[PDB]
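Letter by letter, the sequence shown follows residues 33 to 211 of PDB author numbering. We treat Cβ as the ideally placed atom computed from N, Cα and C, and that holds for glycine. This report refers to the structure that appears directly beneath it.
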Amino acid sequence: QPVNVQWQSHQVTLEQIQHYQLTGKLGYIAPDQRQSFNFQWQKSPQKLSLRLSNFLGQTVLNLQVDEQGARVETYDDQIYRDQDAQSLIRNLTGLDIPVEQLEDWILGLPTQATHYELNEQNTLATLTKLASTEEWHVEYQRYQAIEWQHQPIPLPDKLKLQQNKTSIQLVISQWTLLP
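Take a look at the structure:
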């Protein structure tokens, strides 16, 4: 089996995309709760902001991740801090969102220690990741070509994540790639 040069080159380009915004819908289904959220995801080097709001626009949760750790402002404006964003969100809301892994998956990058399959366009089709006893199955349902430094690059615009009984369906509205 030869190295897939197109896939490896795509990875290097994705690794350049360090400052960006992303908006869309996040559909959450689990045995304990079902939710339909607007999401606003803002990424910069070593930093992440994620706002979830309800279908009427009111804030459900605001997450900030930086070098100090994770900070969540909850729906009722209580403030909580801890070291791991996924664990903190789960303890405060019951929602299981693999925030750390999504920093790679949302762009179409794999994490380390993962299995995956490519599509015929040499980008991710499906991926599996065993993380903290959760076996995540990720499906890249659709890509959209987005301009990056004057070149069209495929980025996910429909992505589904599932582990156990929990599924997260992301549907993208707008990628905004920043200098």
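Excluding the 5 residues flanking it on each side, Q50 has same chain C-beta neighbours closer than 8 Å at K75, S76 and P77, in chain order.
Taking 8 Å as the cut-off, the Cβ atoms of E149 and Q195 do not count as close.
Taking the Cα of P188 as reference, the smallest distance to any Cα among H182, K197, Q33 and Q201 is reached at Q201. Under the 8 Å Cβ criterion, the stretch 50-70 counts as touching the stretch 201-211, having at least three qualifying pairs. In the displayed model, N94 falls within a strand according to three-state DSSP. A direct Cα-to-Cα measurement between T106 and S199 gives close to 22 Å. Taking a cut-off of 8 Å for Cβ pairs, the stretch 115-132 and the stretch 84-98 touch, as three or more such pairs fall below it.
Per DSSP, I138 is not a residue of any beta strand (DSSP E), being assigned neither H nor E. Closest in C-alpha terms to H147, from the list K161, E135, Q153 and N154, comes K161.
Within the stretch 100-125, the complete alpha helix (DSSP H) segments at least 4 residues long are 117-125, listed from N- to C-terminus. Taking 8 Å as the cut-off, the beta carbon of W168 is found no closer than this to the beta carbon of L191. Excluding five sequence positions before and after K79, the CB atoms of its chain that fall closer than 6 Å to its own CB belong to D98, given in chain order. Exposure of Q48 is indicated by the presence of fewer than 16 other C-beta atoms within 10 angstroms of its C-beta. Between the alpha carbons of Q173 and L141 lies a gap of roughly 15 Å. In the DSSP assignment, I178 is bridged to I185. For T45, the secondary structure class from DSSP, reduced to helix, strand or coil, is helix.
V37 carries a helical assignment under DSSP once its states are collapsed to helix, strand and coil. In the DSSP assignment, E166 forms a beta bridge with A163.
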